[PDB]
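Asks: Data file my_file-v4.txt (compact mmCIF, N, CA and C atoms) is appended below.
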```
# COMPACT_ATOMS: atom_id res chain seq x y z
N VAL A 9 36.02 50.53 -35.77
CA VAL A 9 36.28 50.62 -34.33
C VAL A 9 36.57 52.07 -33.91
N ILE A 10 36.21 52.38 -32.67
CA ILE A 10 36.42 53.69 -32.06
C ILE A 10 37.35 53.52 -30.87
N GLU A 11 38.36 54.37 -30.79
CA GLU A 11 39.27 54.43 -29.64
C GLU A 11 39.09 55.80 -28.99
N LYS A 12 38.52 55.82 -27.79
CA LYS A 12 38.32 57.04 -27.03
C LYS A 12 39.40 57.11 -25.96
N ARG A 13 40.28 58.10 -26.07
CA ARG A 13 41.38 58.29 -25.14
C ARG A 13 41.10 59.51 -24.27
N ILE A 14 41.18 59.34 -22.95
CA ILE A 14 40.87 60.40 -22.00
C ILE A 14 42.07 60.56 -21.08
N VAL A 15 42.60 61.77 -21.00
CA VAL A 15 43.82 62.06 -20.23
C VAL A 15 43.44 62.85 -18.99
N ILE A 16 43.89 62.38 -17.83
CA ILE A 16 43.78 63.10 -16.57
C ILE A 16 45.20 63.38 -16.09
N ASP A 17 45.57 64.66 -16.07
CA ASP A 17 46.89 65.05 -15.58
C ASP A 17 46.91 64.92 -14.06
N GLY A 18 47.83 64.12 -13.54
CA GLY A 18 47.92 63.94 -12.10
C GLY A 18 47.73 62.50 -11.69
N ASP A 19 48.45 62.07 -10.66
CA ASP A 19 48.46 60.68 -10.21
C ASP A 19 47.37 60.37 -9.18
N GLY A 20 46.34 61.20 -9.08
CA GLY A 20 45.20 60.90 -8.24
C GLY A 20 44.52 59.60 -8.62
N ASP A 21 44.19 58.77 -7.63
CA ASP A 21 43.59 57.47 -7.89
C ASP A 21 42.25 57.61 -8.61
N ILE A 22 41.97 56.66 -9.51
CA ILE A 22 40.76 56.65 -10.32
C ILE A 22 39.90 55.47 -9.86
N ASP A 23 38.61 55.73 -9.64
CA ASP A 23 37.66 54.67 -9.31
C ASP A 23 37.42 53.83 -10.56
N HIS A 24 38.01 52.62 -10.58
CA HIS A 24 37.93 51.77 -11.76
C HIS A 24 36.49 51.38 -12.09
N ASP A 25 35.73 50.94 -11.09
CA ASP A 25 34.36 50.49 -11.34
C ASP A 25 33.50 51.62 -11.89
N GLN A 26 33.65 52.83 -11.34
CA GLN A 26 32.89 53.95 -11.85
C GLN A 26 33.35 54.36 -13.24
N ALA A 27 34.65 54.21 -13.52
CA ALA A 27 35.15 54.45 -14.87
C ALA A 27 34.48 53.52 -15.88
N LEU A 28 34.42 52.22 -15.55
CA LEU A 28 33.77 51.26 -16.45
C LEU A 28 32.29 51.57 -16.61
N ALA A 29 31.60 51.84 -15.50
CA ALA A 29 30.19 52.19 -15.56
C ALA A 29 29.96 53.41 -16.45
N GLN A 30 30.75 54.46 -16.25
CA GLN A 30 30.59 55.68 -17.03
C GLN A 30 30.90 55.43 -18.50
N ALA A 31 31.92 54.62 -18.79
CA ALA A 31 32.20 54.24 -20.17
C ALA A 31 30.98 53.63 -20.82
N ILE A 32 30.42 52.59 -20.20
CA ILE A 32 29.28 51.90 -20.78
C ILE A 32 28.09 52.84 -20.93
N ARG A 33 27.87 53.70 -19.93
CA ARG A 33 26.73 54.62 -19.97
C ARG A 33 26.86 55.62 -21.10
N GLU A 34 28.00 56.32 -21.17
CA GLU A 34 28.20 57.29 -22.24
C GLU A 34 28.19 56.62 -23.61
N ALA A 35 28.62 55.36 -23.69
CA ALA A 35 28.53 54.64 -24.96
C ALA A 35 27.09 54.42 -25.36
N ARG A 36 26.29 53.83 -24.47
CA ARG A 36 24.87 53.65 -24.74
C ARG A 36 24.20 54.96 -25.14
N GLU A 37 24.53 56.05 -24.45
CA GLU A 37 23.90 57.34 -24.73
C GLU A 37 24.31 57.87 -26.11
N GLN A 38 25.61 58.09 -26.31
CA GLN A 38 26.10 58.83 -27.46
C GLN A 38 26.37 57.96 -28.68
N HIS A 39 26.66 56.68 -28.49
CA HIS A 39 26.92 55.75 -29.59
C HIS A 39 26.04 54.53 -29.40
N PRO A 40 24.73 54.66 -29.65
CA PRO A 40 23.81 53.54 -29.38
C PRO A 40 24.01 52.34 -30.28
N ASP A 41 24.60 52.50 -31.47
CA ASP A 41 24.79 51.39 -32.38
C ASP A 41 26.07 50.61 -32.12
N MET A 42 26.82 51.04 -31.12
CA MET A 42 28.11 50.38 -30.81
C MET A 42 28.12 49.90 -29.37
N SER A 43 29.02 48.98 -29.06
CA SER A 43 29.14 48.44 -27.71
C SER A 43 30.60 48.49 -27.27
N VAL A 44 30.81 48.95 -26.03
CA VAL A 44 32.14 48.96 -25.45
C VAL A 44 32.69 47.55 -25.38
N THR A 45 33.89 47.35 -25.94
CA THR A 45 34.54 46.05 -25.90
C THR A 45 35.84 46.04 -25.12
N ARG A 46 36.36 47.19 -24.69
CA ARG A 46 37.54 47.17 -23.84
C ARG A 46 37.66 48.50 -23.10
N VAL A 47 38.04 48.44 -21.83
CA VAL A 47 38.35 49.63 -21.05
C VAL A 47 39.63 49.37 -20.28
N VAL A 48 40.65 50.20 -20.51
CA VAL A 48 41.93 50.05 -19.81
C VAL A 48 42.29 51.39 -19.18
N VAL A 49 42.80 51.32 -17.95
CA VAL A 49 43.33 52.48 -17.25
C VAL A 49 44.84 52.32 -17.15
N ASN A 50 45.57 53.35 -17.57
CA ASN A 50 47.03 53.34 -17.60
C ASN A 50 47.54 54.42 -16.67
N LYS A 51 48.36 54.03 -15.70
CA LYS A 51 49.13 54.99 -14.90
C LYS A 51 50.46 55.17 -15.61
N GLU A 52 50.53 56.18 -16.47
CA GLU A 52 51.67 56.37 -17.36
C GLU A 52 52.69 57.30 -16.71
N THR A 53 53.93 56.83 -16.59
CA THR A 53 55.02 57.58 -15.97
C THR A 53 56.13 57.77 -17.00
N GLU A 54 56.32 59.00 -17.46
CA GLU A 54 57.40 59.31 -18.40
C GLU A 54 58.68 59.54 -17.61
N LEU A 55 59.66 58.67 -17.80
CA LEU A 55 60.93 58.78 -17.08
C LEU A 55 61.81 59.85 -17.70
N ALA A 56 62.33 60.74 -16.86
CA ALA A 56 63.25 61.78 -17.27
C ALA A 56 64.55 61.62 -16.50
N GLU A 57 65.67 61.59 -17.23
CA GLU A 57 66.98 61.51 -16.60
C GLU A 57 67.39 62.83 -15.96
N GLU A 58 66.84 63.94 -16.43
CA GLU A 58 67.27 65.27 -16.03
C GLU A 58 66.34 65.92 -15.01
N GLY A 59 65.28 65.23 -14.58
CA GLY A 59 64.35 65.85 -13.65
C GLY A 59 63.24 64.97 -13.09
N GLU A 60 62.03 65.51 -13.03
CA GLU A 60 60.91 64.86 -12.37
C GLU A 60 60.13 63.96 -13.32
N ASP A 61 59.77 62.77 -12.84
CA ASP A 61 59.00 61.82 -13.63
C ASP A 61 57.54 62.26 -13.65
N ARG A 62 57.08 62.73 -14.81
CA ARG A 62 55.68 63.12 -14.98
C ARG A 62 54.77 61.89 -15.02
N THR A 63 53.62 61.99 -14.36
CA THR A 63 52.65 60.91 -14.30
C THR A 63 51.29 61.40 -14.78
N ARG A 64 50.72 60.70 -15.76
CA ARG A 64 49.38 60.94 -16.27
C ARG A 64 48.53 59.69 -16.08
N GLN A 65 47.21 59.85 -16.23
CA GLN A 65 46.27 58.74 -16.20
C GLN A 65 45.54 58.71 -17.54
N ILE A 66 45.66 57.60 -18.26
CA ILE A 66 45.09 57.47 -19.60
C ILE A 66 43.99 56.41 -19.54
N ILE A 67 42.77 56.81 -19.85
CA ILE A 67 41.64 55.90 -19.94
C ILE A 67 41.36 55.65 -21.42
N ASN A 68 41.57 54.41 -21.87
CA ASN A 68 41.35 54.03 -23.26
C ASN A 68 40.12 53.13 -23.33
N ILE A 69 39.12 53.58 -24.10
CA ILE A 69 37.86 52.88 -24.28
C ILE A 69 37.78 52.45 -25.74
N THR A 70 37.83 51.15 -25.98
CA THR A 70 37.68 50.58 -27.31
C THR A 70 36.23 50.14 -27.49
N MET A 71 35.60 50.65 -28.55
CA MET A 71 34.19 50.33 -28.85
C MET A 71 34.09 49.83 -30.29
N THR A 72 33.42 48.71 -30.52
CA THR A 72 33.20 48.17 -31.86
C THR A 72 31.71 48.19 -32.18
N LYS A 73 31.39 47.87 -33.44
CA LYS A 73 30.00 47.81 -33.86
C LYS A 73 29.25 46.73 -33.09
N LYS A 74 27.98 47.00 -32.80
CA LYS A 74 27.16 46.02 -32.10
C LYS A 74 26.97 44.78 -32.97
N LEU A 75 27.12 43.61 -32.36
CA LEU A 75 26.99 42.33 -33.05
C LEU A 75 25.64 41.70 -32.72
N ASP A 76 24.68 41.85 -33.64
CA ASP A 76 23.35 41.29 -33.45
C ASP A 76 23.42 39.77 -33.26
N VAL A 77 22.44 39.23 -32.54
CA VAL A 77 22.48 37.82 -32.14
C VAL A 77 22.36 36.88 -33.33
N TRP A 78 21.62 37.26 -34.37
CA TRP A 78 21.46 36.39 -35.53
C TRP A 78 21.38 37.19 -36.82
N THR B 8 63.96 56.53 -39.31
CA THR B 8 63.51 55.26 -38.68
C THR B 8 63.23 55.47 -37.20
N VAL B 9 62.06 55.05 -36.73
CA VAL B 9 61.76 55.12 -35.27
C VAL B 9 61.58 53.69 -34.77
N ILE B 10 62.12 53.41 -33.59
CA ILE B 10 62.02 52.08 -32.99
C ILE B 10 61.14 52.20 -31.75
N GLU B 11 60.15 51.33 -31.63
CA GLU B 11 59.32 51.24 -30.44
C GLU B 11 59.53 49.86 -29.83
N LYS B 12 60.21 49.81 -28.69
CA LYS B 12 60.44 48.56 -27.97
C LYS B 12 59.46 48.49 -26.80
N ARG B 13 58.56 47.51 -26.84
CA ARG B 13 57.53 47.33 -25.82
C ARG B 13 57.86 46.08 -25.01
N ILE B 14 57.88 46.22 -23.68
CA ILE B 14 58.25 45.13 -22.79
C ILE B 14 57.16 44.96 -21.75
N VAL B 15 56.64 43.74 -21.63
CA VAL B 15 55.52 43.43 -20.76
C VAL B 15 56.02 42.62 -19.57
N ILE B 16 55.67 43.07 -18.37
CA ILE B 16 55.88 42.34 -17.13
C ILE B 16 54.50 42.04 -16.57
N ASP B 17 54.12 40.77 -16.53
CA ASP B 17 52.79 40.42 -16.04
C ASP B 17 52.66 40.61 -14.54
N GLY B 18 53.76 40.49 -13.79
CA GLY B 18 53.70 40.71 -12.36
C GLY B 18 53.71 42.20 -12.05
N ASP B 19 52.91 42.58 -11.05
CA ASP B 19 52.73 43.98 -10.70
C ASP B 19 53.74 44.47 -9.66
N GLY B 20 54.85 43.75 -9.50
CA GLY B 20 55.91 44.22 -8.63
C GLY B 20 56.40 45.60 -9.07
N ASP B 21 56.65 46.46 -8.08
CA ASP B 21 57.06 47.83 -8.37
C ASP B 21 58.32 47.83 -9.22
N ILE B 22 58.41 48.82 -10.11
CA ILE B 22 59.47 48.91 -11.11
C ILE B 22 60.41 50.03 -10.70
N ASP B 23 61.71 49.73 -10.70
CA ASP B 23 62.74 50.74 -10.47
C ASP B 23 62.82 51.63 -11.70
N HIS B 24 62.27 52.84 -11.60
CA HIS B 24 62.25 53.74 -12.75
C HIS B 24 63.67 54.09 -13.20
N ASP B 25 64.53 54.45 -12.24
CA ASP B 25 65.90 54.83 -12.59
C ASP B 25 66.63 53.68 -13.26
N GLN B 26 66.46 52.46 -12.75
CA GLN B 26 67.12 51.31 -13.35
C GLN B 26 66.51 50.96 -14.70
N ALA B 27 65.20 51.17 -14.87
CA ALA B 27 64.59 50.98 -16.18
C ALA B 27 65.19 51.92 -17.22
N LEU B 28 65.32 53.20 -16.87
CA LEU B 28 65.92 54.16 -17.79
C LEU B 28 67.38 53.80 -18.08
N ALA B 29 68.13 53.44 -17.03
CA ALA B 29 69.52 53.04 -17.20
C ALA B 29 69.64 51.86 -18.16
N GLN B 30 68.82 50.82 -17.95
CA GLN B 30 68.88 49.64 -18.81
C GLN B 30 68.49 49.98 -20.24
N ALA B 31 67.48 50.83 -20.41
CA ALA B 31 67.12 51.30 -21.74
C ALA B 31 68.32 51.92 -22.44
N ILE B 32 68.96 52.90 -21.79
CA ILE B 32 70.09 53.59 -22.40
C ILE B 32 71.23 52.63 -22.69
N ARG B 33 71.49 51.70 -21.76
CA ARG B 33 72.60 50.76 -21.93
C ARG B 33 72.37 49.84 -23.12
N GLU B 34 71.21 49.18 -23.16
CA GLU B 34 70.91 48.28 -24.27
C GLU B 34 70.84 49.04 -25.60
N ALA B 35 70.43 50.30 -25.57
CA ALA B 35 70.43 51.10 -26.79
C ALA B 35 71.85 51.33 -27.29
N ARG B 36 72.72 51.85 -26.41
CA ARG B 36 74.13 52.02 -26.76
C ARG B 36 74.74 50.72 -27.28
N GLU B 37 74.40 49.59 -26.64
CA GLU B 37 74.98 48.31 -27.04
C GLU B 37 74.52 47.90 -28.43
N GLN B 38 73.21 47.73 -28.61
CA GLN B 38 72.69 47.11 -29.83
C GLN B 38 72.40 48.10 -30.95
N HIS B 39 72.11 49.36 -30.63
CA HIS B 39 71.83 50.39 -31.63
C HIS B 39 72.71 51.60 -31.37
N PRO B 40 74.00 51.52 -31.69
CA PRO B 40 74.90 52.65 -31.41
C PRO B 40 74.59 53.89 -32.22
N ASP B 41 73.91 53.74 -33.36
CA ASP B 41 73.54 54.86 -34.21
C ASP B 41 72.22 55.51 -33.80
N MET B 42 71.62 54.97 -32.75
CA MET B 42 70.30 55.47 -32.28
C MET B 42 70.41 55.96 -30.84
N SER B 43 69.49 56.83 -30.43
CA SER B 43 69.47 57.36 -29.07
C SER B 43 68.07 57.26 -28.50
N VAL B 44 67.97 56.76 -27.27
CA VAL B 44 66.68 56.71 -26.59
C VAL B 44 66.14 58.12 -26.40
N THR B 45 64.92 58.36 -26.87
CA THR B 45 64.29 59.66 -26.70
C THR B 45 63.04 59.64 -25.83
N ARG B 46 62.56 58.46 -25.42
CA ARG B 46 61.45 58.42 -24.49
C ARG B 46 61.43 57.06 -23.81
N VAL B 47 61.16 57.06 -22.51
CA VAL B 47 60.95 55.83 -21.75
C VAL B 47 59.73 56.06 -20.89
N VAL B 48 58.72 55.22 -21.05
CA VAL B 48 57.47 55.34 -20.31
C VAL B 48 57.19 54.03 -19.60
N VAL B 49 56.78 54.13 -18.33
CA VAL B 49 56.33 52.99 -17.55
C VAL B 49 54.83 53.13 -17.36
N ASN B 50 54.09 52.08 -17.71
CA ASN B 50 52.64 52.06 -17.65
C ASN B 50 52.20 50.98 -16.68
N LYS B 51 51.41 51.37 -15.69
CA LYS B 51 50.67 50.42 -14.86
C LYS B 51 49.32 50.25 -15.53
N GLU B 52 49.20 49.24 -16.39
CA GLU B 52 48.01 49.05 -17.21
C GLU B 52 47.05 48.11 -16.50
N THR B 53 45.82 48.57 -16.30
CA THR B 53 44.78 47.79 -15.63
C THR B 53 43.62 47.59 -16.59
N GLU B 54 43.44 46.36 -17.06
CA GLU B 54 42.32 46.04 -17.94
C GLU B 54 41.07 45.82 -17.10
N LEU B 55 40.06 46.65 -17.32
CA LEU B 55 38.85 46.58 -16.51
C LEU B 55 38.01 45.38 -16.93
N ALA B 56 37.60 44.58 -15.95
CA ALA B 56 36.78 43.40 -16.18
C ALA B 56 35.47 43.53 -15.42
N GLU B 57 34.36 43.34 -16.13
CA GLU B 57 33.05 43.40 -15.51
C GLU B 57 32.73 42.18 -14.67
N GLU B 58 33.37 41.04 -14.95
CA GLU B 58 33.00 39.77 -14.34
C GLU B 58 33.94 39.30 -13.24
N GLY B 59 35.00 40.04 -12.93
CA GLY B 59 35.92 39.55 -11.92
C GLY B 59 37.08 40.47 -11.58
N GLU B 60 38.27 39.88 -11.45
CA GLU B 60 39.45 40.61 -11.01
C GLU B 60 40.14 41.24 -12.22
N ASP B 61 40.53 42.50 -12.08
CA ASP B 61 41.19 43.25 -13.14
C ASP B 61 42.65 42.83 -13.23
N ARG B 62 43.02 42.18 -14.34
CA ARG B 62 44.41 41.83 -14.55
C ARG B 62 45.23 43.10 -14.79
N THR B 63 46.41 43.15 -14.17
CA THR B 63 47.28 44.32 -14.23
C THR B 63 48.64 43.93 -14.77
N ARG B 64 49.10 44.65 -15.79
CA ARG B 64 50.42 44.46 -16.36
C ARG B 64 51.25 45.73 -16.19
N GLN B 65 52.56 45.59 -16.38
CA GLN B 65 53.48 46.71 -16.37
C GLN B 65 54.16 46.75 -17.73
N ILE B 66 53.98 47.85 -18.46
CA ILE B 66 54.47 47.97 -19.82
C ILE B 66 55.53 49.05 -19.87
N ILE B 67 56.74 48.67 -20.27
CA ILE B 67 57.83 49.61 -20.48
C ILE B 67 57.92 49.85 -21.98
N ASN B 68 57.64 51.08 -22.40
CA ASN B 68 57.69 51.47 -23.80
C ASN B 68 58.89 52.39 -23.99
N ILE B 69 59.83 51.97 -24.84
CA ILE B 69 61.07 52.68 -25.11
C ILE B 69 61.04 53.16 -26.56
N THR B 70 60.97 54.48 -26.74
CA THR B 70 61.02 55.11 -28.05
C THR B 70 62.44 55.60 -28.30
N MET B 71 63.04 55.09 -29.38
CA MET B 71 64.41 55.52 -29.76
C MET B 71 64.42 55.94 -31.23
N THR B 72 64.95 57.12 -31.53
CA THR B 72 65.04 57.65 -32.89
C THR B 72 66.51 57.81 -33.27
N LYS B 73 66.73 58.22 -34.52
CA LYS B 73 68.08 58.43 -35.03
C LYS B 73 68.82 59.45 -34.17
N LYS B 74 70.13 59.23 -34.03
CA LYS B 74 70.96 60.11 -33.22
C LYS B 74 70.99 61.52 -33.80
N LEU B 75 70.78 62.51 -32.93
CA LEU B 75 70.87 63.92 -33.29
C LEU B 75 72.17 64.43 -32.68
N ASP B 76 73.24 64.42 -33.47
CA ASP B 76 74.54 64.84 -32.97
C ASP B 76 75.43 65.20 -34.15
N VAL B 77 75.76 66.48 -34.29
CA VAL B 77 76.66 66.91 -35.35
C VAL B 77 78.08 66.51 -34.97
N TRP B 78 78.90 66.22 -35.98
CA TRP B 78 80.30 65.79 -35.83
C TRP B 78 80.52 64.58 -34.90
```
Mind turning this structure into structure tokens?
Replies:
Amino acid sequence: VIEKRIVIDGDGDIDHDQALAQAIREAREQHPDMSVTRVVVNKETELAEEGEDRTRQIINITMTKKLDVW
Amino acid sequence: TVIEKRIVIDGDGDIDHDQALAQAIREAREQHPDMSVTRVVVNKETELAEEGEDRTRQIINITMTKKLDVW
């Protein structure tokens, strides 16, 4: 299995549908023998008691080996 | 020893960050007096679905390590 983690610094909204489309497209292109099996978008907020809560956007793409039909 | 406490809220109701951190520190002091919370993260996790509505969870991840305190 492959776990592709992509970090975007900043709480700017992410187009979910385009994220999924781009995931599948880049997978087909660069990893033709594998198929995307999960895409999750995380709005990650690290809580700080002493200051400002940092917010990142984490796109996790899980890809496994292609499962032939027979 | 590192402890990772993961807490899942299936409802997407907004989370009080300050109260989440407070509760983390309180429960840590209570149940693990020899440990100190060193990270608290709130995740608005959205699982992308090609066939319908994207289910959204709220994940509170609390990382606590051994206490760093001389004397």
Asks: With a cut-off of 8 Å, could you pull out the residues of chain B touching chain A and give me the nearest pair of atoms for each, distance in Å to one decimal, using only N, CA and C atoms, ordered by chain and ascending number, as CSV?
Replies:
```
residue,atom,partner,partner_atom,distance
B:24,C,A:55,CA,6.7
B:25,N,A:55,CA,7.4
B:28,CA,A:55,CA,6.8
B:46,C,A:55,N,6.5
B:47,C,A:55,N,4.0
B:48,CA,A:53,C,4.3
B:49,C,A:53,N,3.9
B:50,CA,A:51,C,4.3
B:51,C,A:51,N,3.9
B:52,CA,A:50,CA,4.4
B:53,N,A:49,C,4.0
B:54,CA,A:48,CA,4.4
B:55,N,A:47,C,4.0
B:56,N,A:47,C,6.8
B:57,N,A:28,CA,7.9
```
Asks: Considering only strand (DSSP E or B) as DSSP defines it on the backbone, what residues of chain B qualify? List them as a ChimeraX atom specification.
Replies: /B:9-16,42-54,63-73
Asks: So, counting only C-alpha atoms, which residue among B:38, B:45, B:65, B:8 is closest to residue 20 of chain B?
Replies: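 Between B:38, B:45, B:65, B:8, the residue approaching residue 20 of chain B most closely is B:65.
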Asks: What does the distance from atom CA of residue 76 of chain A to atom CA of residue 41 of chain A come to in Å, to one decimal?
Replies: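 For atom CA of residue 76 of chain A relative to atom CA of residue 41 of chain A, the distance reads 10.3 Å.
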Asks: I'd like to know which residues of chain A are helix (DSSP H, G or I) (by DSSP, run on the backbone); could you write them as a PyMOL selection string?
Replies: chain A and resi 24-38
Asks: Atom N of residue 72 of chain B and atom C of residue 23 of chain B, how far apart in Å?
Replies: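 One can read the atom C of residue 23 of chain B to atom N of residue 72 of chain B distance as 20.7 Å.
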Asks: Generate the coordinates of N, CA, C and O atoms for segment 23-44 of chain A; report them as a PDB file, keeping the file's coordinate frame.
Replies:
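Okay, selection28.pdb is ready:
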```pdb
ATOM      1  N   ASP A  23      38.610  55.730  -9.640  1.00  0.00           N
ATOM      2  CA  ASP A  23      37.660  54.670  -9.310  1.00  0.00           C
ATOM      3  C   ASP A  23      37.420  53.830 -10.560  1.00  0.00           C
ATOM      4  O   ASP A  23      36.732  54.249 -11.493  1.00  0.00           O
ATOM      5  N   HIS A  24      38.010  52.620 -10.580  1.00  0.00           N
ATOM      6  CA  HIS A  24      37.930  51.770 -11.760  1.00  0.00           C
ATOM      7  C   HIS A  24      36.490  51.380 -12.090  1.00  0.00           C
ATOM      8  O   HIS A  24      36.067  51.454 -13.254  1.00  0.00           O
ATOM      9  N   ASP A  25      35.730  50.940 -11.090  1.00  0.00           N
ATOM     10  CA  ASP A  25      34.360  50.490 -11.340  1.00  0.00           C
ATOM     11  C   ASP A  25      33.500  51.620 -11.890  1.00  0.00           C
ATOM     12  O   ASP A  25      32.722  51.413 -12.829  1.00  0.00           O
ATOM     13  N   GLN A  26      33.650  52.830 -11.340  1.00  0.00           N
ATOM     14  CA  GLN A  26      32.890  53.950 -11.850  1.00  0.00           C
ATOM     15  C   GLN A  26      33.350  54.360 -13.240  1.00  0.00           C
ATOM     16  O   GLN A  26      32.540  54.792 -14.056  1.00  0.00           O
ATOM     17  N   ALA A  27      34.650  54.210 -13.520  1.00  0.00           N
ATOM     18  CA  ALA A  27      35.150  54.450 -14.870  1.00  0.00           C
ATOM     19  C   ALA A  27      34.480  53.520 -15.880  1.00  0.00           C
ATOM     20  O   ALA A  27      34.032  53.954 -16.942  1.00  0.00           O
ATOM     21  N   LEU A  28      34.420  52.220 -15.550  1.00  0.00           N
ATOM     22  CA  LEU A  28      33.770  51.260 -16.450  1.00  0.00           C
ATOM     23  C   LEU A  28      32.290  51.570 -16.610  1.00  0.00           C
ATOM     24  O   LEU A  28      31.754  51.544 -17.735  1.00  0.00           O
ATOM     25  N   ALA A  29      31.600  51.840 -15.500  1.00  0.00           N
ATOM     26  CA  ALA A  29      30.190  52.190 -15.560  1.00  0.00           C
ATOM     27  C   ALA A  29      29.960  53.410 -16.450  1.00  0.00           C
ATOM     28  O   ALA A  29      29.073  53.403 -17.310  1.00  0.00           O
ATOM     29  N   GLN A  30      30.750  54.460 -16.250  1.00  0.00           N
ATOM     30  CA  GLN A  30      30.590  55.680 -17.030  1.00  0.00           C
ATOM     31  C   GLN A  30      30.900  55.430 -18.500  1.00  0.00           C
ATOM     32  O   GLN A  30      30.229  55.991 -19.379  1.00  0.00           O
ATOM     33  N   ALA A  31      31.920  54.620 -18.790  1.00  0.00           N
ATOM     34  CA  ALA A  31      32.200  54.240 -20.170  1.00  0.00           C
ATOM     35  C   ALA A  31      30.980  53.630 -20.820  1.00  0.00           C
ATOM     36  O   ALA A  31      30.524  54.086 -21.880  1.00  0.00           O
ATOM     37  N   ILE A  32      30.420  52.590 -20.200  1.00  0.00           N
ATOM     38  CA  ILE A  32      29.280  51.900 -20.780  1.00  0.00           C
ATOM     39  C   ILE A  32      28.090  52.840 -20.930  1.00  0.00           C
ATOM     40  O   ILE A  32      27.368  52.815 -21.936  1.00  0.00           O
ATOM     41  N   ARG A  33      27.870  53.700 -19.930  1.00  0.00           N
ATOM     42  CA  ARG A  33      26.730  54.620 -19.970  1.00  0.00           C
ATOM     43  C   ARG A  33      26.860  55.620 -21.100  1.00  0.00           C
ATOM     44  O   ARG A  33      25.928  55.797 -21.897  1.00  0.00           O
ATOM     45  N   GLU A  34      28.000  56.320 -21.170  1.00  0.00           N
ATOM     46  CA  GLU A  34      28.200  57.290 -22.240  1.00  0.00           C
ATOM     47  C   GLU A  34      28.190  56.620 -23.610  1.00  0.00           C
ATOM     48  O   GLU A  34      27.778  57.241 -24.597  1.00  0.00           O
ATOM     49  N   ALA A  35      28.620  55.360 -23.690  1.00  0.00           N
ATOM     50  CA  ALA A  35      28.530  54.640 -24.960  1.00  0.00           C
ATOM     51  C   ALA A  35      27.090  54.420 -25.360  1.00  0.00           C
ATOM     52  O   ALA A  35      26.683  54.757 -26.483  1.00  0.00           O
ATOM     53  N   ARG A  36      26.290  53.830 -24.470  1.00  0.00           N
ATOM     54  CA  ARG A  36      24.870  53.650 -24.740  1.00  0.00           C
ATOM     55  C   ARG A  36      24.200  54.960 -25.140  1.00  0.00           C
ATOM     56  O   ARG A  36      23.395  54.992 -26.079  1.00  0.00           O
ATOM     57  N   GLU A  37      24.530  56.050 -24.450  1.00  0.00           N
ATOM     58  CA  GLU A  37      23.900  57.340 -24.730  1.00  0.00           C
ATOM     59  C   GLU A  37      24.310  57.870 -26.110  1.00  0.00           C
ATOM     60  O   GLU A  37      23.468  58.082 -26.982  1.00  0.00           O
ATOM     61  N   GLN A  38      25.610  58.090 -26.310  1.00  0.00           N
ATOM     62  CA  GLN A  38      26.100  58.830 -27.460  1.00  0.00           C
ATOM     63  C   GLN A  38      26.370  57.960 -28.680  1.00  0.00           C
ATOM     64  O   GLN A  38      26.310  58.465 -29.811  1.00  0.00           O
ATOM     65  N   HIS A  39      26.660  56.680 -28.490  1.00  0.00           N
ATOM     66  CA  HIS A  39      26.920  55.750 -29.590  1.00  0.00           C
ATOM     67  C   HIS A  39      26.040  54.530 -29.400  1.00  0.00           C
ATOM     68  O   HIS A  39      26.513  53.444 -29.042  1.00  0.00           O
ATOM     69  N   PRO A  40      24.730  54.660 -29.650  1.00  0.00           N
ATOM     70  CA  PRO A  40      23.810  53.540 -29.380  1.00  0.00           C
ATOM     71  C   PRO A  40      24.010  52.340 -30.280  1.00  0.00           C
ATOM     72  O   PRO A  40      23.629  51.229 -29.887  1.00  0.00           O
ATOM     73  N   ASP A  41      24.600  52.500 -31.470  1.00  0.00           N
ATOM     74  CA  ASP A  41      24.790  51.390 -32.380  1.00  0.00           C
ATOM     75  C   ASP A  41      26.070  50.610 -32.120  1.00  0.00           C
ATOM     76  O   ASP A  41      26.337  49.624 -32.822  1.00  0.00           O
ATOM     77  N   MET A  42      26.820  51.040 -31.120  1.00  0.00           N
ATOM     78  CA  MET A  42      28.110  50.380 -30.810  1.00  0.00           C
ATOM     79  C   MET A  42      28.120  49.900 -29.370  1.00  0.00           C
ATOM     80  O   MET A  42      27.309  50.399 -28.570  1.00  0.00           O
ATOM     81  N   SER A  43      29.020  48.980 -29.060  1.00  0.00           N
ATOM     82  CA  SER A  43      29.140  48.440 -27.710  1.00  0.00           C
ATOM     83  C   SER A  43      30.600  48.490 -27.270  1.00  0.00           C
ATOM     84  O   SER A  43      31.501  48.127 -28.024  1.00  0.00           O
ATOM     85  N   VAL A  44      30.810  48.950 -26.030  1.00  0.00           N
ATOM     86  CA  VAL A  44      32.140  48.960 -25.450  1.00  0.00           C
ATOM     87  C   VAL A  44      32.690  47.550 -25.380  1.00  0.00           C
ATOM     88  O   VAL A  44      32.057  46.644 -24.825  1.00  0.00           O
TER      89      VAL A  44
END
```
